[PDB]
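K.L.:
upload_21.tsv (TSV, C-alpha atoms and all ligand atoms) pasted underneath:
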chain	number	residue	atom	x	y	z
M	1	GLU	CA	4.06	-54.85	-54.41
M	2	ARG	CA	7.12	-54.74	-52.08
M	3	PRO	CA	8.45	-51.20	-51.48
M	4	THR	CA	12.08	-50.10	-51.70
M	5	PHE	CA	13.99	-50.02	-48.47
M	6	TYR	CA	17.04	-48.02	-47.50
M	7	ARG	CA	19.71	-48.79	-44.93
M	8	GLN	CA	21.31	-46.58	-42.29
M	9	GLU	CA	22.95	-46.92	-38.92
M	10	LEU	CA	21.21	-45.11	-36.12
M	11	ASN	CA	23.43	-45.07	-33.06
M	12	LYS	CA	24.34	-48.59	-31.97
M	13	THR	CA	21.95	-50.23	-34.52
M	14	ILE	CA	21.30	-50.83	-38.27
M	15	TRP	CA	17.90	-49.59	-39.55
M	16	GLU	CA	16.32	-50.80	-42.77
M	17	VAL	CA	13.05	-49.03	-43.51
M	18	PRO	CA	10.89	-48.25	-46.57
M	19	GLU	CA	11.61	-45.03	-48.53
M	20	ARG	CA	8.19	-43.91	-47.38
M	21	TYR	CA	9.78	-42.98	-44.02
M	22	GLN	CA	12.40	-40.26	-43.92
M	23	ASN	CA	14.58	-38.18	-41.62
M	24	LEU	CA	14.98	-40.84	-38.93
M	25	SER	CA	15.93	-39.44	-35.58
M	26	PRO	CA	16.46	-41.44	-32.32
M	27	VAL	CA	14.03	-40.70	-29.46
M	28	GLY	CA	14.68	-43.32	-26.74
M	29	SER	CA	15.27	-47.02	-25.94
M	30	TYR	CA	12.20	-54.32	-25.92
M	31	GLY	CA	13.86	-52.34	-28.82
M	32	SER	CA	14.73	-48.75	-29.83
M	33	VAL	CA	12.58	-46.01	-31.39
M	34	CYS	CA	13.05	-43.34	-34.08
M	35	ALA	CA	11.00	-40.29	-34.95
M	36	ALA	CA	10.41	-40.20	-38.70
M	37	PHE	CA	8.49	-38.31	-41.35
M	38	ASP	CA	5.93	-40.33	-43.21
M	39	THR	CA	5.63	-39.31	-46.87
M	40	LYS	CA	2.33	-41.18	-47.46
M	41	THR	CA	0.33	-39.16	-44.91
M	42	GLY	CA	2.62	-36.25	-44.03
M	43	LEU	CA	2.47	-37.07	-40.31
M	44	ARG	CA	5.24	-37.53	-37.81
M	45	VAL	CA	5.50	-41.17	-36.70
M	46	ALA	CA	7.45	-43.36	-34.30
M	47	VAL	CA	9.23	-46.37	-35.77
M	48	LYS	CA	10.20	-49.01	-33.26
M	49	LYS	CA	12.70	-51.66	-34.29
M	50	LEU	CA	12.28	-54.64	-31.94
M	51	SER	CA	15.44	-55.93	-30.32
M	52	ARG	CA	16.26	-59.59	-31.17
M	53	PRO	CA	12.54	-60.34	-31.59
M	54	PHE	CA	13.10	-64.11	-32.06
M	55	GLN	CA	16.16	-65.00	-30.00
M	56	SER	CA	14.13	-67.12	-27.48
M	57	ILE	CA	10.68	-68.62	-26.87
M	58	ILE	CA	9.94	-65.73	-24.58
M	59	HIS	CA	11.00	-63.07	-27.09
M	60	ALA	CA	9.24	-64.82	-29.92
M	61	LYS	CA	5.91	-65.05	-28.04
M	62	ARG	CA	6.35	-61.42	-26.74
M	63	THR	CA	6.87	-60.14	-30.27
M	64	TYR	CA	3.73	-62.02	-31.37
M	65	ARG	CA	1.78	-60.69	-28.36
M	66	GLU	CA	2.67	-57.05	-28.92
M	67	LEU	CA	1.93	-57.26	-32.63
M	68	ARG	CA	-1.43	-58.93	-31.97
M	69	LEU	CA	-2.29	-56.31	-29.34
M	70	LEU	CA	-1.33	-53.30	-31.52
M	71	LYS	CA	-3.16	-54.66	-34.54
M	72	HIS	CA	-6.29	-54.95	-32.42
M	73	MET	CA	-6.48	-51.45	-30.92
M	74	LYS	CA	-8.77	-49.10	-32.80
M	75	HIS	CA	-9.74	-46.31	-30.46
M	76	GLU	CA	-8.87	-42.58	-30.06
M	77	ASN	CA	-7.42	-42.99	-26.61
M	78	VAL	CA	-5.29	-46.12	-27.29
M	79	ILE	CA	-2.14	-46.29	-29.40
M	80	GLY	CA	-2.73	-48.11	-32.68
M	81	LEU	CA	-0.67	-49.64	-35.50
M	82	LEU	CA	-0.05	-47.31	-38.47
M	83	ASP	CA	2.26	-49.84	-40.15
M	84	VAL	CA	4.34	-52.91	-39.49
M	85	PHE	CA	7.03	-54.14	-41.85
M	86	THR	CA	10.16	-56.23	-42.24
M	87	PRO	CA	13.06	-55.91	-44.71
M	88	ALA	CA	12.80	-59.74	-45.22
M	89	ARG	CA	11.48	-61.08	-48.51
M	90	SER	CA	10.52	-64.56	-47.20
M	91	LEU	CA	9.66	-66.41	-43.95
M	92	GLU	CA	13.13	-67.99	-44.02
M	93	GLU	CA	14.74	-64.54	-44.28
M	94	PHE	CA	12.42	-63.06	-41.57
M	95	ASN	CA	14.40	-61.61	-38.64
M	96	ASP	CA	13.59	-57.95	-38.00
M	97	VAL	CA	10.27	-56.44	-36.97
M	98	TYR	CA	9.53	-52.72	-37.10
M	99	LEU	CA	6.33	-51.14	-35.74
M	100	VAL	CA	4.91	-47.77	-36.78
M	101	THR	CA	2.65	-45.53	-34.64
M	102	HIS	CA	1.73	-41.83	-34.35
M	103	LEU	CA	4.36	-39.76	-32.58
M	104	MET	CA	2.85	-38.04	-29.56
M	105	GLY	CA	4.54	-34.97	-28.07
M	106	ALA	CA	5.21	-36.01	-24.50
M	107	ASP	CA	4.15	-38.36	-21.73
M	108	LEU	CA	2.26	-37.49	-18.55
M	109	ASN	CA	5.44	-37.99	-16.59
M	110	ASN	CA	6.52	-34.72	-18.28
M	111	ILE	CA	3.42	-32.55	-17.98
M	112	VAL	CA	3.11	-33.48	-14.25
M	113	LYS	CA	6.81	-33.51	-13.21
M	114	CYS	CA	7.40	-29.97	-14.50
M	115	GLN	CA	4.08	-28.54	-13.11
M	116	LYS	CA	0.70	-28.87	-11.33
M	117	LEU	CA	-2.39	-29.20	-13.50
M	118	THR	CA	-5.67	-27.40	-12.93
M	119	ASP	CA	-8.87	-29.33	-12.10
M	120	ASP	CA	-10.37	-29.09	-15.60
M	121	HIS	CA	-7.14	-30.52	-17.07
M	122	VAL	CA	-7.25	-33.41	-14.60
M	123	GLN	CA	-10.90	-34.06	-15.59
M	124	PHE	CA	-10.07	-34.20	-19.25
M	125	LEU	CA	-6.93	-36.34	-18.94
M	126	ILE	CA	-8.47	-38.86	-16.47
M	127	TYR	CA	-11.66	-38.99	-18.64
M	128	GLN	CA	-9.62	-39.98	-21.69
M	129	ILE	CA	-7.69	-42.69	-19.73
M	130	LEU	CA	-11.00	-44.14	-18.53
M	131	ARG	CA	-12.41	-44.00	-22.01
M	132	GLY	CA	-9.46	-45.95	-23.47
M	133	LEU	CA	-9.56	-48.34	-20.49
M	134	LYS	CA	-13.27	-49.04	-21.02
M	135	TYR	CA	-12.38	-50.10	-24.56
M	136	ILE	CA	-9.27	-52.13	-23.58
M	137	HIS	CA	-11.24	-53.87	-20.78
M	138	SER	CA	-14.21	-54.64	-22.98
M	139	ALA	CA	-11.80	-56.86	-24.93
M	140	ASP	CA	-10.75	-58.81	-21.84
M	141	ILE	CA	-7.30	-57.21	-21.90
M	142	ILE	CA	-5.69	-55.86	-18.73
M	143	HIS	CA	-2.99	-53.26	-19.18
M	144	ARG	CA	-1.20	-54.15	-15.85
M	145	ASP	CA	1.37	-51.41	-15.98
M	146	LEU	CA	-0.46	-48.08	-16.29
M	147	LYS	CA	1.76	-45.17	-15.20
M	148	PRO	CA	2.53	-41.60	-16.31
M	149	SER	CA	5.24	-42.66	-18.79
M	150	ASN	CA	2.78	-45.03	-20.60
M	151	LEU	CA	0.39	-42.14	-21.19
M	152	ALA	CA	1.11	-40.01	-24.28
M	153	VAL	CA	-0.26	-36.49	-24.52
M	154	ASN	CA	-0.01	-34.11	-27.42
M	155	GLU	CA	-0.07	-30.27	-27.17
M	156	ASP	CA	-3.84	-30.43	-27.63
M	157	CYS	CA	-4.20	-32.52	-24.37
M	158	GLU	CA	-5.43	-35.48	-26.35
M	159	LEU	CA	-4.19	-38.64	-24.59
M	160	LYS	CA	-3.39	-42.16	-25.80
M	161	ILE	CA	-2.58	-45.16	-23.64
M	162	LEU	CA	0.54	-47.13	-24.67
M	163	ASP	CA	2.18	-50.50	-23.81
M	164	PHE	CA	-0.99	-52.44	-22.62
M	165	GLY	CA	-0.98	-56.23	-21.99
M	166	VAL	CA	9.92	-43.60	-12.11
M	167	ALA	CA	9.20	-47.06	-10.49
M	168	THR	CA	6.40	-49.28	-11.97
M	169	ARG	CA	5.73	-50.41	-8.37
M	170	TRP	CA	4.36	-46.96	-7.36
M	171	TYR	CA	1.22	-47.44	-9.47
M	172	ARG	CA	0.53	-51.13	-8.72
M	173	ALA	CA	-2.51	-52.46	-6.98
M	174	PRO	CA	-1.89	-53.96	-3.58
M	175	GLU	CA	-3.20	-57.40	-4.70
M	176	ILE	CA	-0.31	-57.43	-7.22
M	177	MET	CA	2.20	-56.37	-4.53
M	178	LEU	CA	0.93	-59.44	-2.65
M	179	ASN	CA	1.21	-61.70	-5.71
M	180	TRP	CA	-2.44	-62.82	-6.07
M	181	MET	CA	-2.84	-64.96	-9.16
M	182	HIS	CA	-6.52	-64.10	-9.93
M	183	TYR	CA	-6.50	-60.27	-9.87
M	184	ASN	CA	-8.68	-58.80	-12.60
M	185	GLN	CA	-9.28	-55.64	-14.71
M	186	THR	CA	-9.56	-53.28	-11.74
M	187	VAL	CA	-5.82	-53.41	-11.12
M	188	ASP	CA	-5.86	-50.77	-13.91
M	189	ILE	CA	-8.42	-48.67	-12.02
M	190	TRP	CA	-6.10	-48.63	-9.04
M	191	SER	CA	-3.28	-47.30	-11.22
M	192	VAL	CA	-5.59	-44.51	-12.65
M	193	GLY	CA	-6.40	-43.56	-9.09
M	194	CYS	CA	-2.68	-43.21	-8.29
M	195	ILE	CA	-2.10	-41.15	-11.46
M	196	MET	CA	-5.14	-38.94	-10.86
M	197	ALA	CA	-3.96	-38.41	-7.26
M	198	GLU	CA	-0.49	-37.43	-8.52
M	199	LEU	CA	-1.93	-34.97	-11.08
M	200	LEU	CA	-4.01	-33.21	-8.39
M	201	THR	CA	-1.20	-32.88	-5.80
M	202	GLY	CA	2.04	-32.93	-7.81
M	203	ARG	CA	3.43	-35.83	-5.77
M	204	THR	CA	3.69	-39.59	-6.12
M	205	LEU	CA	0.85	-40.92	-3.98
M	206	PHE	CA	2.64	-44.14	-2.90
M	207	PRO	CA	6.43	-43.76	-3.50
M	208	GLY	CA	7.46	-47.10	-1.91
M	209	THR	CA	11.12	-48.14	-1.91
M	210	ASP	CA	10.19	-51.79	-2.34
M	211	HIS	CA	7.24	-54.15	-2.23
M	212	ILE	CA	6.90	-54.10	1.61
M	213	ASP	CA	7.24	-50.33	1.96
M	214	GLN	CA	4.86	-49.98	-1.04
M	215	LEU	CA	2.19	-51.98	0.80
M	216	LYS	CA	2.79	-50.05	4.06
M	217	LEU	CA	2.21	-46.72	2.32
M	218	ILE	CA	-0.92	-48.05	0.65
M	219	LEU	CA	-2.53	-49.50	3.81
M	220	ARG	CA	-1.77	-46.30	5.66
M	221	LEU	CA	-4.18	-44.43	3.35
M	222	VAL	CA	-6.77	-47.11	2.63
M	223	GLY	CA	-6.54	-48.89	6.03
M	224	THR	CA	-5.78	-52.51	6.85
M	225	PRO	CA	-8.08	-55.15	5.33
M	226	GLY	CA	-11.40	-55.72	7.12
M	227	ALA	CA	-12.82	-59.14	7.94
M	228	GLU	CA	-14.89	-59.22	4.72
M	229	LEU	CA	-11.77	-58.82	2.59
M	230	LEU	CA	-9.64	-61.13	4.78
M	231	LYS	CA	-12.03	-64.08	4.33
M	232	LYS	CA	-11.61	-63.87	0.52
M	233	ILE	CA	-7.82	-64.34	0.74
M	234	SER	CA	-6.80	-67.91	-0.24
M	235	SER	CA	-3.11	-67.73	0.70
M	236	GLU	CA	-2.26	-68.50	4.30
M	237	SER	CA	1.07	-66.66	4.39
M	238	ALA	CA	-0.45	-63.58	2.71
M	239	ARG	CA	-3.39	-63.58	5.15
M	240	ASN	CA	-0.93	-63.93	8.03
M	241	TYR	CA	1.25	-61.14	6.70
M	242	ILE	CA	-1.49	-58.46	6.48
M	243	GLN	CA	-3.10	-59.77	9.68
M	244	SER	CA	0.20	-59.52	11.55
M	245	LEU	CA	0.38	-55.88	10.57
M	246	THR	CA	-0.39	-52.73	12.57
M	247	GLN	CA	-4.16	-52.21	12.18
M	248	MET	CA	-4.31	-48.89	10.28
M	249	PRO	CA	-7.78	-47.23	9.95
M	250	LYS	CA	-9.10	-46.07	6.57
M	251	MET	CA	-8.25	-42.41	6.11
M	252	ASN	CA	-10.88	-39.83	5.16
M	253	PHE	CA	-9.71	-38.87	1.65
M	254	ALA	CA	-11.26	-35.36	1.91
M	255	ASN	CA	-8.58	-34.73	4.57
M	256	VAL	CA	-5.69	-36.08	2.59
M	257	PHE	CA	-6.75	-34.33	-0.67
M	258	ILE	CA	-7.61	-31.06	1.10
M	259	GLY	CA	-9.29	-28.49	-1.16
M	260	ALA	CA	-9.56	-30.67	-4.26
M	261	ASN	CA	-12.86	-30.70	-6.08
M	262	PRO	CA	-15.00	-32.91	-3.81
M	263	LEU	CA	-16.27	-34.82	-6.84
M	264	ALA	CA	-12.58	-35.74	-7.45
M	265	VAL	CA	-12.07	-36.81	-3.85
M	266	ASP	CA	-15.16	-38.95	-4.20
M	267	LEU	CA	-14.02	-40.61	-7.48
M	268	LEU	CA	-10.63	-41.27	-5.80
M	269	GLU	CA	-12.42	-42.99	-2.91
M	270	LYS	CA	-14.13	-45.20	-5.44
M	271	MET	CA	-10.92	-46.11	-7.38
M	272	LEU	CA	-8.61	-46.62	-4.44
M	273	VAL	CA	-10.73	-49.20	-2.61
M	274	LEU	CA	-8.49	-51.84	-1.05
M	275	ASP	CA	-10.82	-54.77	-1.94
M	276	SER	CA	-10.67	-55.15	-5.69
M	277	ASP	CA	-14.22	-56.61	-5.79
M	278	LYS	CA	-15.61	-53.23	-4.62
M	279	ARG	CA	-13.48	-50.95	-6.83
M	280	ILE	CA	-15.27	-48.91	-9.50
M	281	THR	CA	-14.93	-50.19	-13.09
M	282	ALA	CA	-13.88	-47.99	-16.05
M	283	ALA	CA	-17.44	-47.95	-17.52
M	284	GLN	CA	-18.92	-46.94	-14.11
M	285	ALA	CA	-16.27	-44.27	-13.52
M	286	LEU	CA	-17.11	-42.58	-16.85
M	287	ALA	CA	-20.69	-41.98	-15.68
M	288	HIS	CA	-19.41	-40.39	-12.44
M	289	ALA	CA	-20.40	-36.82	-11.65
M	290	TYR	CA	-16.78	-35.61	-11.92
M	291	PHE	CA	-16.84	-36.13	-15.70
M	292	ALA	CA	-20.13	-34.24	-16.18
M	293	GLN	CA	-18.78	-32.05	-19.01
M	294	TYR	CA	-17.17	-34.85	-21.10
M	295	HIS	CA	-19.10	-38.06	-20.62
M	296	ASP	CA	-21.17	-39.15	-23.59
M	297	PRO	CA	-22.72	-42.68	-23.38
M	298	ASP	CA	-22.99	-42.72	-27.19
M	299	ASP	CA	-19.31	-42.06	-27.82
M	300	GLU	CA	-17.55	-44.40	-25.41
M	301	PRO	CA	-17.27	-47.43	-27.71
M	302	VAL	CA	-16.27	-50.98	-26.77
M	303	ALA	CA	-13.85	-53.21	-28.68
M	304	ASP	CA	-14.29	-56.24	-30.92
M	305	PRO	CA	-13.53	-59.58	-29.21
M	306	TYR	CA	-9.83	-60.30	-29.01
M	307	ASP	CA	-8.60	-63.90	-29.23
M	308	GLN	CA	-6.01	-64.42	-26.55
M	309	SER	CA	-6.17	-68.23	-26.58
M	310	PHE	CA	-2.58	-68.11	-27.85
M	311	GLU	CA	-1.50	-66.96	-24.38
M	312	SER	CA	-1.97	-70.45	-22.96
M	313	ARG	CA	0.03	-72.17	-25.75
M	314	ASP	CA	3.53	-73.58	-25.55
M	315	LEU	CA	5.12	-73.38	-29.00
M	316	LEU	CA	8.57	-73.50	-30.58
M	317	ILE	CA	10.50	-70.33	-31.47
M	318	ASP	CA	9.97	-71.03	-35.17
M	319	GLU	CA	6.25	-71.50	-34.71
M	320	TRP	CA	5.79	-68.12	-32.93
M	321	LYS	CA	8.00	-66.63	-35.62
M	322	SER	CA	5.79	-67.96	-38.38
M	323	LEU	CA	2.63	-66.76	-36.58
M	324	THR	CA	4.16	-63.25	-36.33
M	325	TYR	CA	5.13	-63.44	-39.99
M	326	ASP	CA	1.50	-64.26	-40.85
M	327	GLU	CA	0.35	-61.17	-38.91
M	328	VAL	CA	2.83	-58.89	-40.74
M	329	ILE	CA	1.50	-60.21	-44.07
M	330	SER	CA	-2.20	-59.79	-43.28
M	331	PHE	CA	-1.83	-56.25	-41.93
M	332	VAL	CA	-4.32	-53.83	-43.49
M	333	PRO	CA	-3.23	-50.17	-43.06
M	334	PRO	CA	-5.90	-48.07	-41.24
M	335	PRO	CA	-8.29	-45.91	-43.39
M	336	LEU	CA	-6.67	-42.61	-44.48
M	337	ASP	CA	-8.52	-39.42	-43.32
D	401	LIG	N1	-11.63	-61.64	-3.96
D	401	LIG	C1	-10.46	-61.13	-3.58
D	401	LIG	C2	-10.34	-59.76	-3.31
D	401	LIG	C3	-9.10	-59.25	-2.91
D	401	LIG	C4	-8.00	-60.09	-2.74
D	401	LIG	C5	-6.75	-59.62	-2.34
D	401	LIG	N2	-6.54	-58.32	-2.06
D	401	LIG	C6	-5.28	-57.90	-1.44
D	401	LIG	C7	-5.46	-56.91	-0.27
D	401	LIG	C8	-4.91	-56.41	-1.59
D	401	LIG	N3	-5.73	-60.48	-2.23
D	401	LIG	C9	-5.87	-61.80	-2.50
D	401	LIG	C10	-4.77	-62.64	-2.39
D	401	LIG	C11	-4.88	-64.02	-2.63
D	401	LIG	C12	-3.75	-64.84	-2.56
D	401	LIG	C13	-2.50	-64.27	-2.25
D	401	LIG	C14	-2.40	-62.90	-2.02
D	401	LIG	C15	-3.52	-62.08	-2.10
D	401	LIG	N4	-7.06	-62.27	-2.90
D	401	LIG	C16	-8.13	-61.46	-3.01
D	401	LIG	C17	-9.37	-61.97	-3.42
D	402	LIG	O1	7.83	-46.50	-28.25
D	402	LIG	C1	7.21	-45.49	-28.60
D	402	LIG	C2	7.65	-44.21	-28.22
D	402	LIG	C3	8.80	-44.03	-27.43
D	402	LIG	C4	9.21	-42.75	-27.07
D	402	LIG	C5	8.47	-41.64	-27.47
D	402	LIG	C6	7.32	-41.81	-28.26
D	402	LIG	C7	6.91	-43.09	-28.63
D	402	LIG	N1	5.79	-43.25	-29.38
D	402	LIG	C8	5.35	-44.45	-29.76
D	402	LIG	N2	6.04	-45.62	-29.39
D	402	LIG	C9	5.62	-46.91	-29.79
D	402	LIG	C10	6.00	-47.36	-31.06
D	402	LIG	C11	5.62	-48.63	-31.49
D	402	LIG	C12	4.86	-49.45	-30.66
D	402	LIG	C13	4.48	-49.00	-29.39
D	402	LIG	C14	4.86	-47.73	-28.95
As C-alpha cells, please, write out the structure in this file.
Ligand SMILES: Nc1ccc2c(NC3CC3)nc(-c3ccccc3)nc2c1
Ligand SMILES: O=c1c2ccccc2ncn1-c1ccccc1
P.N.:
Amino acid sequence: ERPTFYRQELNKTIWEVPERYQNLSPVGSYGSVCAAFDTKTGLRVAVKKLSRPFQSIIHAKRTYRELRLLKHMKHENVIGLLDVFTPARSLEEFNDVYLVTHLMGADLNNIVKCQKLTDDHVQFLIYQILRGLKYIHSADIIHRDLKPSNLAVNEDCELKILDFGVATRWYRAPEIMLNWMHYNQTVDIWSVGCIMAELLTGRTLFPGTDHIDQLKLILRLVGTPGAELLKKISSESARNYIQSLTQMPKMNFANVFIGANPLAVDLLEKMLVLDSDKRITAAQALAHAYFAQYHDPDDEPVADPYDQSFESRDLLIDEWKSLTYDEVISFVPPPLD
C-alpha cells in the first residue's frame, strides 16, 4: 500500500514526501512548512516537517500531543489533519514526521495590520473564532495562545483557528501573567476580547513590554481587583502584589471604544472581565445580540470526547515515539467532498 516518495532539499533541510504532493515551496519556519499542490484532491496544502521530533522526552511528547490534537479536530473553524506521513518503512526506521493541512491565504495579523475592518467583518470573524472555540472547549482543550497570527483567514473571510493546546504576552489573560496554576477555558475568551478590540480600533489593546507592564495596562482598563476577586486568590505574594498596586477604577468601555457598535462594546465588557469566574464562555458569547445575523444554535456543534490522560504520563522517548508511530498508522484520511 505504501506510496512512492521523492527527495529534495528545501532551503536548509531535506524533504521526503509522497509523489502525491508536488511543487513544494517554502512559506515560513517546531519545524518548517512548505506550500504544495496535492494531486489527489487538487487543493493547495501546507506540509509541515517537524524539527527533530524525537530528540528529547519533551520533543517526543510534544510531537505526540500535536498529532493527537490535529487528528481530533473536525470542525469548519479549526485546522484539521488532511494527511500525516513518514518516509520510514518500520518503527525502527521512524524518525521524520510530516503533517498536512489546508493552506489558508493569510493570518489575521495581516488583514488587521494593513487596515481597519468594518463592523460586519468584525462580527463575522469573531463569530467564527467563538464557534471554533465552543468546539475546542467542549473537548476540554484550552488553546492558551490565541492571537492574530494563529488565526488563518482565506479571501472568502472564512477563518480557522491553528496551534491549539507580535508578542504572545499581549493577548494573555491576567491570571496567566500572574502564574495561576488553575486557570481554565476562559483564558481563551480573554484573548478573543483582545483580538476583537484590536480589529475594531486597529491597535494592540494591551501592548505591554513585559509581564509587569502587561498587567499594568490591563488593570488600567479593567480596574484593580475588588474584594470578591481578592478573596479567591490563594497565593500570598500574588495577593500582596496586586493589593500593593495603585487602585485603578474599572473604565467605562463605551468611552474607550468610542463610536463602536454598542453591542460590540457590551460583548467586550463581557469578555474582558478581570475575574475569570465571571467571564462569558464561548457558548454564551455565540448567543449574544452582537452575532444576531450569524448565530444558529443548530449549527454550532460540539466535539467528541478527547482523551488527554496521556498528558499526566512520564514516559521514555522511545515510548512516546512508538505511540506517535501508532497514530501515524491508524490515520484515516478525512472524507473527500
Ligand atoms: N477563582 C479565581 C479567579 C481569579 C483568580 C485570579 N485572577 C487574577 C487577577 C487575574 N488569580 C488567581 C491566582 C492564584 C494564585 C496565584 C496567582 C493568581 N486565582 C484566581 C482564582
Ligand atoms: O504551519 C502552518 C502554516 C504556516 C504558515 C502559513 C500557513 C500555514 N498553514 C498551516 N500550517 C500548519 C501545518 C501543519 C500543522 C499545523 C499548522
K.L.:
Identify, on the basis of all atoms listed in the file, every residue whose closest approach to range 239-242 of chain M does not exceed 10 Å; exclude the query and any residue fewer than 2 positions from it along the same chain; express the result as JSON, numbers by chain.
P.N.:
{"M": [178, 215, 216, 219, 224, 225, 229, 230, 231, 232, 233, 234, 235, 236, 237, 244, 245, 246, 247]}
K.L.:
Taking all atoms listed in the file into account, name the residue in M:332, M:14, M:153, M:117 that is nearest to ligand LIG 402 (chain D).
P.N.:
M:153
K.L.:
Within 8 Å of ligand LIG 402 (chain D), counting only C-alpha atoms and all ligand atoms, which protein or nucleic acid residues do you find, written as a ChimeraX atom specification?
P.N.:
/M:27-29,32-35,45-48,70,79-81,98-107,152,162-163
K.L.:
By how many Å are CA of residue 113 in chain M and CA of residue 202 in chain M apart?
P.N.:
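CA of residue 113 in chain M sits 7.2 Å away from CA of residue 202 in chain M.
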K.L.:
Leaving out residue 194 in chain M and any residue of its chain fewer than 4 positions from it, which residues lie within 7 Å of it when counting only C-alpha atoms, given as number ranges by chain?
P.N.:
M: 171, 190, 198, 205
K.L.:
Give me, please, the distance in Å between CA of residue 203 in chain M and CA of residue 261 in chain M, quoted to one decimal.
P.N.:
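Straight-line distance from CA of residue 203 in chain M to CA of residue 261 in chain M works out to 17.1 Å.
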K.L.:
What lies within 10 Å of range 89-92 of chain M using all atoms listed in the file, ignoring chain neighbours under 4 positions off, as a PyMOL selection string?
P.N.:
chain M and resi 2+318+321-322+324-326
K.L.:
Check the smallest atom-to-atom distance from each of M:137, M:295, M:182, M:116 to ligand LIG 401 (chain D) using all atoms listed in the file, then report the winner.
P.N.:
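Ranked by minimum distance to ligand LIG 401 (chain D), first place goes to M:182.
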K.L.:
What's the separation between CA of residue 52 in chain M and CA of residue 172 in chain M, in Å to one decimal place?
P.N.:
28.7 Å
K.L.:
Would you be able to write out as a compact mmCIF listing (two decimals) with C-alpha atoms, keeping the file's coordinate frame which residues have an atom within 12 Å of (-1.8, -36.2, -24.0) in the file's coordinates, counting only C-alpha atoms?
P.N.:
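New file selection-v4.txt:
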# COMPACT_ATOMS: atom_id res chain seq x y z
CA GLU M 76 -8.87 -42.58 -30.06
CA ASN M 77 -7.42 -42.99 -26.61
CA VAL M 78 -5.29 -46.12 -27.29
CA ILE M 79 -2.14 -46.29 -29.40
CA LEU M 103 4.36 -39.76 -32.58
CA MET M 104 2.85 -38.04 -29.56
CA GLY M 105 4.54 -34.97 -28.07
CA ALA M 106 5.21 -36.01 -24.50
CA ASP M 107 4.15 -38.36 -21.73
CA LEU M 108 2.26 -37.49 -18.55
CA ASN M 109 5.44 -37.99 -16.59
CA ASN M 110 6.52 -34.72 -18.28
CA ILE M 111 3.42 -32.55 -17.98
CA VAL M 112 3.11 -33.48 -14.25
CA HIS M 121 -7.14 -30.52 -17.07
CA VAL M 122 -7.25 -33.41 -14.60
CA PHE M 124 -10.07 -34.20 -19.25
CA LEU M 125 -6.93 -36.34 -18.94
CA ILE M 126 -8.47 -38.86 -16.47
CA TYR M 127 -11.66 -38.99 -18.64
CA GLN M 128 -9.62 -39.98 -21.69
CA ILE M 129 -7.69 -42.69 -19.73
CA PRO M 148 2.53 -41.60 -16.31
CA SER M 149 5.24 -42.66 -18.79
CA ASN M 150 2.78 -45.03 -20.60
CA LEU M 151 0.39 -42.14 -21.19
CA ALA M 152 1.11 -40.01 -24.28
CA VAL M 153 -0.26 -36.49 -24.52
CA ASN M 154 -0.01 -34.11 -27.42
CA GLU M 155 -0.07 -30.27 -27.17
CA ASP M 156 -3.84 -30.43 -27.63
CA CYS M 157 -4.20 -32.52 -24.37
CA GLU M 158 -5.43 -35.48 -26.35
CA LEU M 159 -4.19 -38.64 -24.59
CA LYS M 160 -3.39 -42.16 -25.80
CA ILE M 161 -2.58 -45.16 -23.64
CA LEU M 162 0.54 -47.13 -24.67
K.L.:
Let me make sure I understand: among M:206, M:85, M:320, M:6, which one has the smallest atom-to-atom distance to residue 22 in chain M if we use only C-alpha atoms?
P.N.:
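Using only C-alpha atoms, the shortest distance to residue 22 in chain M belongs to M:6.
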K.L.:
Using only C-alpha atoms and all ligand atoms, which residue out of M:16, M:298, M:277, M:319 lies closest to ligand LIG 401 (chain D)?
P.N.:
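For ligand LIG 401 (chain D), the nearest of the candidates is M:277.
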K.L.:
Smallest atom-to-atom distance to ligand LIG 401 (chain D): which of M:189, M:217, M:181, M:251, using all atoms listed in the file?
P.N.:
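Looking at the shortest contact to ligand LIG 401 (chain D), the residue is M:181.
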K.L.:
Choose the residue, out of M:299, M:228, M:304, M:269, that has the smallest atom-to-atom separation from ligand LIG 401 (chain D); count all atoms listed in the file.
P.N.:
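Among M:299, M:228, M:304, M:269, it is M:228 that comes nearest to ligand LIG 401 (chain D).
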K.L.:
Return the padded bounding box of ligand LIG 401 (chain D) as lines of an AutoDock Vina configuration file: axis-aligned, built from all atoms listed in the file, 3 Å added on each side, with centre and edge lengths in Å to one decimal.
P.N.:
center_x = -7.0
center_y = -60.6
center_z = -2.1
size_x = 15.2
size_y = 14.4
size_z = 9.7
K.L.:
I need every residue sitting at most 9 Å from the point (-3.8, -57.3, -9.4) (coordinates as in the file, all atoms listed in the file considered), written as JSON, numbers by chain.
P.N.:
{"M": [144, 172, 173, 174, 175, 176, 177, 178, 179, 180, 181, 182, 183, 184, 185, 186, 187, 188, 190, 276]}
K.L.:
Missing atoms in range 169-175 of chain M should be modelled up to N, CA and C atoms and reported as a JSON list (two decimals), in the coordinates of the input.
P.N.:
[["chain", "number", "residue", "atom", "x", "y", "z"],
["M", 169, "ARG", "N", 6.34, -50.00, -9.64],
["M", 169, "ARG", "CA", 5.73, -50.41, -8.37],
["M", 169, "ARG", "C", 4.83, -49.35, -7.74],
["M", 170, "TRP", "N", 5.10, -48.07, -8.00],
["M", 170, "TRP", "CA", 4.36, -46.96, -7.36],
["M", 170, "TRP", "C", 2.90, -46.89, -7.77],
["M", 171, "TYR", "N", 2.58, -47.45, -8.93],
["M", 171, "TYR", "CA", 1.22, -47.44, -9.47],
["M", 171, "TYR", "C", 0.50, -48.79, -9.38],
["M", 172, "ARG", "N", 1.13, -49.78, -8.74],
["M", 172, "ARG", "CA", 0.53, -51.13, -8.72],
["M", 172, "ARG", "C", -0.40, -51.38, -7.57],
["M", 173, "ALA", "N", -1.46, -52.10, -7.92],
["M", 173, "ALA", "CA", -2.51, -52.46, -6.98],
["M", 173, "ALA", "C", -1.94, -53.36, -5.87],
["M", 174, "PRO", "N", -2.51, -53.25, -4.68],
["M", 174, "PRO", "CA", -1.89, -53.96, -3.58],
["M", 174, "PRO", "C", -2.00, -55.49, -3.77],
["M", 175, "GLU", "N", -3.08, -55.98, -4.38],
["M", 175, "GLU", "CA", -3.20, -57.40, -4.70],
["M", 175, "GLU", "C", -2.04, -57.90, -5.56]]
